[PDB]
Amino acid sequence: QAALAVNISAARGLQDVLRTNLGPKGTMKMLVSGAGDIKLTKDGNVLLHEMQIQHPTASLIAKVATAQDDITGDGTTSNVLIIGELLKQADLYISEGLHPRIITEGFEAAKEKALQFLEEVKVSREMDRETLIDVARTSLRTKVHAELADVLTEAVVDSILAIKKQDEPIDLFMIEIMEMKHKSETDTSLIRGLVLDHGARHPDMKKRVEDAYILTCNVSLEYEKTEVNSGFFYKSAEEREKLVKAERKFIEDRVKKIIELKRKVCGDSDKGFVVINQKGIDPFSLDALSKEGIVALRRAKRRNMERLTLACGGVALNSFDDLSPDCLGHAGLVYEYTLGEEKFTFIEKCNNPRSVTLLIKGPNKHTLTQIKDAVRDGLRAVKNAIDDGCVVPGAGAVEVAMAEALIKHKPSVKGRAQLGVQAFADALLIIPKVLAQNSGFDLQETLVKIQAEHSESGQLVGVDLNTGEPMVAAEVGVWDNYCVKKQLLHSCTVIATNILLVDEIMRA
Amino acid sequence: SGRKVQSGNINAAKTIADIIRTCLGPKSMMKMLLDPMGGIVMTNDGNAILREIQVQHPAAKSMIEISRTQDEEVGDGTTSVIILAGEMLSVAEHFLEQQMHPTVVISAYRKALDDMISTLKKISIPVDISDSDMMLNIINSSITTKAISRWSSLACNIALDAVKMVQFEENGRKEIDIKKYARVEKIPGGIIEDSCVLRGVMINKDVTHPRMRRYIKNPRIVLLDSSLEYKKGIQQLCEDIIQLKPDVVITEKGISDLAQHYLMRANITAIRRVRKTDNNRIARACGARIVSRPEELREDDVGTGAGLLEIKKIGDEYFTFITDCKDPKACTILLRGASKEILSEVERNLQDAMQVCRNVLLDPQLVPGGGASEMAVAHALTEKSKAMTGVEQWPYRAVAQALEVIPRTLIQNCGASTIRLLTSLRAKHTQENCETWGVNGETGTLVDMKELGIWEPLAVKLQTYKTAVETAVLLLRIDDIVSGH
Amino acid sequence: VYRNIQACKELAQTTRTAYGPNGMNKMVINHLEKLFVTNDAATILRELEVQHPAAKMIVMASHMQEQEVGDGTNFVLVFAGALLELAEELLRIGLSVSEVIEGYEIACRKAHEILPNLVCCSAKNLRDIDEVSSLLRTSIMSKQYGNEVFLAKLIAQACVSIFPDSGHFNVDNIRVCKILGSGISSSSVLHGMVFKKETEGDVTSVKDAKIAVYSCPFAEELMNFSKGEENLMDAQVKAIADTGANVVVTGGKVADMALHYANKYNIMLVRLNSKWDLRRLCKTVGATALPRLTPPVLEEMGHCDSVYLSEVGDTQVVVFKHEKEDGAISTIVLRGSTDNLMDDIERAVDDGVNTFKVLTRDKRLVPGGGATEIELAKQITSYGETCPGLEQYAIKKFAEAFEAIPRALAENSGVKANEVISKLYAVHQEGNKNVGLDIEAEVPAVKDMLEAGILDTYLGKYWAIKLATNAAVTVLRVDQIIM
Ligand SMILES: Nc1ncnc2c1ncn2[C@@H]1O[C@H](COP(=O)(O)OP(=O)(O)O)[C@@H](O)[C@H]1O
Ligand SMILES: Nc1ncnc2c1ncn2[C@@H]1O[C@H](COP(=O)(O)OP(=O)(O)O)[C@@H](O)[C@H]1O
Ligand SMILES: Nc1ncnc2c1ncn2[C@@H]1O[C@H](COP(=O)(O)OP(=O)(O)O)[C@@H](O)[C@H]1O
């Protein structure tokens, strides 16, 4: 009776808060924390995961929405707008009776009709470079500046078309985003193979490695000593004075094992023996072995070594010795690059060059984070477009045609479910409206123009976010993902039903 | 203290102007008047809004006074005057804060006004008078959008017949004209088409016994404020009249039957209970003179008045139809109809068109309305300001910038965006050489002004601009108000 | 969003006064309750309690500006404030924020492409000490008025011109050492860093010095303990003096036994090292700080060229010169009555050296003192009418925000700003680029800058304009946050 009204008000408030974010031309919000550090972002997922919401059921909506749509690429803010509009439209009929179950039946029937419509509208144009360009641009211009997105589209699309050779979509490890703080943010490219965070204390050991062999195996040039005896150095410090010694024999054992490894699998000072340590190493043994042609470094994280297993090769055990070099692999180039003060090791052209890392040079922390999120979103969107193989006309093209199909589907359903279907259509109509409003033009001017021209066009058609003119998104380059639409519709219907079925609230 | 009173004055001006900012044009947004008695008032006229509302700030009171004067001087445009004054003061607010004296600002405003007066005449399109075709086009253009839409024929014919019946050739060629000396005869009865025009003055007062030669071939009217008595034991006025031998005498009081026969012997027709508001037009139409001193009496006391008098009785009313008098300067226009609920506004619009014709005689110029003239003068000022030097150039540009408020409001109160339309109008108007495009008021769509066919008299727009600028300088020249409250 | 705009506007206003050679300065009090007098706006901001996030990111933009150029930060602040207030009134008109952003971006690109069209660059080279000294006087004149600019330009530039080798320079090479006492006119320039030392037991001509770094500075039973402690201390100083050590550096205090033992080791016991000097010494002599007295290492042992005592400045000091570059290190010794003006003088020295650096990286110079600002404003506002569309409003507002620099420069210098602005703008049609404002005359009079020699870096102004536009754009595109 009134719990429904409370939920409606909370959902409308959340929708109104998230109104001015949809679309590339939409403005962006900024997040402030108690510490003082601020984040500047526009993506709905991070906004809902970071906002401090007052109303409880609004927090419910945000949490469940993020949880469900983590599976698909994005569309979070569009989903929130559609569910808010659904609730408002249902309220305009509930306020005069209209028991929520009938509205639920109408919603489910409209969902079925919209699913069939989307199935028969989806366009299966064969994949090429140009379509990937268009998808990357559409998915990137909605998270970062215009020209920055234009620069980043080429990098992301080239990386993704490189990845696509496996004929199966895989992600996470195979694409790595490195972060650094060069002033020139315009520098953004891709590096094949691996890029290591940093190296060790080596004065011009190998540099241009060219051909190399990778064994790693967490070398022990600074093998752990026996420092821990009882708490700390007590009056009985002879343990931490002498027992801490005699472990240099481990370091010399590793040195000699690498010695015959190098002059067994190489036979010359060339062909850099690439090894890594998970902790620091002593410069003495390090440069003594590097002067023999061994590429030894230190202080690397795990993710790089697991990537080395699949992209370079070689086992990795901290406690080890010389063993079968069968696991060892080869690298085309292990050249090291330094920008200003910190060293980057470019492990590229290696065996299985499928693994590729992405390079950005953001000036400060928040721009770096926004760039990382934008490139991740673009990668996910293009991967989904690869997987479905059938892109769909965006810019509100599918939504308006879906609304028209639902309206023409009104007499098909009996009972009072027609009211639910009509409300569902009017709610799905929100997306082009929000696009036009965020762009700056009048709401209903653009909406009426688009509907009127789509009446005779037959083909799908969107909105140009530069003049308000209707535009055929198919021929321009605006594209969305089939799976995104599927998951959005399904989750939207589910959450709308769940909220509408509530009757009363009590404490606990 | 100091400039603070100026800021308060201009704030009051801005907050009184924007109240009725949105109520001009063919699609004026309507307003509410809620008296503290529960009543509710339906009103569109901003002049009526300000007349009904009451305000305490003296500057707002002075602006009410100037609005009323402009209403009673030239006619319409009072809302435009108020809007222009408010916008000019609001834009001068920034310069007042700029720590510049009001003297330089008002000097810049004066120079801008001088420039505007010229550039208005530069762009005004010529018009012809008494040319029925496009005069009727003007009637369908501006004299419309009132309650005479279905009855425009009566208004047009009345105006065209009565334009040449109050003209005064005092110092030039019929350029002196008044809308009050005309005999408007607004009586209900019959059909509205019964209204006509006559060359003379009509009196609603008549003798109780018109069984006499009330009309003479050449009446010689002489005004007399004295009332005739039975006799001296005053009869002496009868012999005094007999000395000069007139035939018509006007008095403000009744005449007895014996006194009526005495005046019949005096060979004069006695007219009683006349009204001063009608006696003035009697004297104007007949050229009468009043004198009673016996020493000053001469041959000039009595002069020729009417030419063909007559009295009829229409609608059981004692009419008095003087026609074809000596001077066609105070003639008759008849106003009949079944009801008078709209005919008053009809005659108001008639006097509006009368001012239109009078100023057309003054200056046969029409300005392209609908924001076309405003944008033209703003463009002229902005292009002329490039050569101007010194600090005074900024007000000379801000007055032009603030003058574009009229098309802004026209576009605003029709649904269309007030930004894109204004930008399109300005951008295309500059490159256009002599186009003067004016936005349509109904659809809120750009259109060349000749095709739309709307225009205003040069004199009325000139007066509006002059009053707005003078109000701006007057309100900026106030340095303090403390004389009590 | 008007809250953010107003906050940034107040932030810009509170530092607008300090702009120009007539910087009418402020008081500085921090949490630990000092009292400084300073006119440098960059010095003002670093102790302002800025809480509004828009202010936080505008001062972040200012910090980015100073890290790339080194001056004009106050210009960035005032330009951003003008841009944001004009954007505020544009929003009040009814324009969308995105349209304003687009207009500002296109106006910024127009400004960058029009800037290099009025450059009157340097004369011949970084050499000719007098010529470049005349060049580098503008920034220091802005920091400190013309009372001492003529001495300051020679003092600062003469130090940076010591090592014009291979066309490479470093700002950190020219450090500043402060000596209290006589007036500023008694300032001097010297080679090699100058700082206080304690012991005078130093030989003038020395071989390769051995900089011993002190990371950690200093009945019968009483006699026994005293003897043991003295012997331990003597062993410690013997260990310090090992490996051919000849000199030491310490942040501690002298001891009579310690100084005597060091002197009879022919080693001076240098103490009283400032908390900043030791990192610079270590980085310039190619060594590191020795942990204690007993573990010194010759591998991490300091060597620059030699060590001796300089009497310049009416005091005894320590000097290290002739590094691996043999001329890279060159400090400047200053004299002053108090310390509250030492900060301003060293700030002016930095404002000279960084402008010299950007001159090295860009030998192109544009007229200053309101010349370039009004010229670019005129160019952009003339281009605005040509460009149709809705970006035109943002273009004129960008030009108006650009022309606000000479307005503030005139106003905070005493002269009425509007008169100066109007006269300058009217003159600029005929009195072209080189015209500029006159500081001396109270009447609003103008004067050509080419003869005045008041010029500012082309690259500096370029980067300042770019970063101000970026900051204004990134401020305009926010809506709100929980607060
Ligand atoms: N260039 C463009 N023109 C018109 N519409 C666009 C353009 N780029 C993206 N869109 C629209 O933006 C929508 C996605 O934006 P949004 O929902 O804000 O991002 P997210 O998917 O992260 O929630 C898509 O439905 C698409 O139609
Ligand atoms: N059809 C029309 N199209 C455009 N503008 C019109 C039209 N009719 C009237 N206007 C505008 O209305 C204004 C006159 O209104 P106004 O004189 O203020 O009325 P009042 O004085 O009775 O309040 C003119 O400036 C003219 O531009
Ligand atoms: N004598 C002068 N006359 C006119 N303008 C000057 C004079 N000296 C310096 N200026 C102006 O002062 C500005 C220097 O600003 P500055 O105070 O260095 O900024 P910041 O404090 O951020 O480094 C220059 O742009 C220059 O135009």
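Per Swiss-Prot, chain C residues shown: 29-246, 262-526, in order.
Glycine is no exception: its Cβ is also placed from the backbone N, Cα and C atoms.
The phosphotyrosine annotation in Swiss-Prot covers C:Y30, C:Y505 and is backed by a large-scale study or a structure entry. If you look up Swiss-Prot, you'll see C:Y47, C:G48, C:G100, C:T101, C:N102, C:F103, C:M169, C:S170, C:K171, C:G412, C:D499 marked as ADP binding site, on the strength of experimental evidence. Annotation source Swiss-Prot lists Mg(2+) binding site at C:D99. For C:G100, C:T101, C:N102, C:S170, C:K171, C:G412, C:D499, C:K504, the entry in Swiss-Prot reads ATP binding site. Taken from Swiss-Prot, the feature phosphoserine covers C:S162, C:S213, C:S269, C:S317, and the record attributes it to a large-scale study or a structure entry. The SUMO2 cross-link annotation in Swiss-Prot covers C:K224 and is backed by a large-scale study or a structure entry. Residues or ranges marked as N6-acetyllysine by Swiss-Prot: C:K318, C:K400, C:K466. The SUMO1 cross-link annotation in Swiss-Prot covers C:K459 and rests on a large-scale study or a structure entry.
Comparing the Cα of C:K171 (ADP binding site) with the Cα of every entry in C:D99, C:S162, C:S213, C:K400, C:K504, these being the recorded positions, the smallest distance points to C:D99. Across the structure, C:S213 (phosphoserine) and C:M169 (ADP binding site) are spaced 16 Å apart at their Cα atoms. Counted over every protein chain shown, other Cβ atoms within 10 Å are most numerous around C:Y505 among the modified residues C:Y30, C:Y505. In the three-state DSSP scheme, C:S213 (phosphoserine) is classed as helix. The residue listed as 'SUMO2 cross-link': 16 other CB atoms within 10 A of its CB, across all protein chains. For C:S317 (phosphoserine), the nearest neighbour among the listed binding-site residues (C:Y47, C:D99, C:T101, C:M169, C:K504), judged by C-alpha distance, is C:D99. Within the group of binding-site residues (C:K171, C:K504), the Cβ with the highest number of other Cβ atoms inside 10 Å belongs to C:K171. In this structure, none of the modified residues from C:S162, C:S213, C:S269, C:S317, C:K400, C:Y505 has a C-beta falling under 6 Å of any atom of ligand 3.
With every protein chain in view, the residue among the recorded positions C:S162, C:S170, C:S269 whose Cβ has the most Cβ partners within 10 Å turns out to be C:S170. Within the same chain, the residues at least 6 positions away from C:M169 (ADP binding site) whose Cβ sits under 8 Å from its Cβ are C:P49, C:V177, C:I497, listed in sequence order.
Residue pair C:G412 (ATP binding site) / C:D499 (ADP binding site) shows a Cα separation of 9 Å. If you take the CA of C:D99 (Mg(2+) binding site) and look 10 A around it, the recorded positions you hit from C:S269, C:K504, C:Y505 are C:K504.
Local packing around the Cβ, expressed as the count of other Cβ atoms within 10 angstroms, is greatest for C:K400 among the modified residues C:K318, C:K400. Cβ neighbour count for C:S317 (phosphoserine): 11 (other Cβ atoms within 10 Å of its Cβ, all protein chains included). C:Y47 (ADP binding site) is 21 Å away from C:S162 (phosphoserine) when you measure Cα to Cα.
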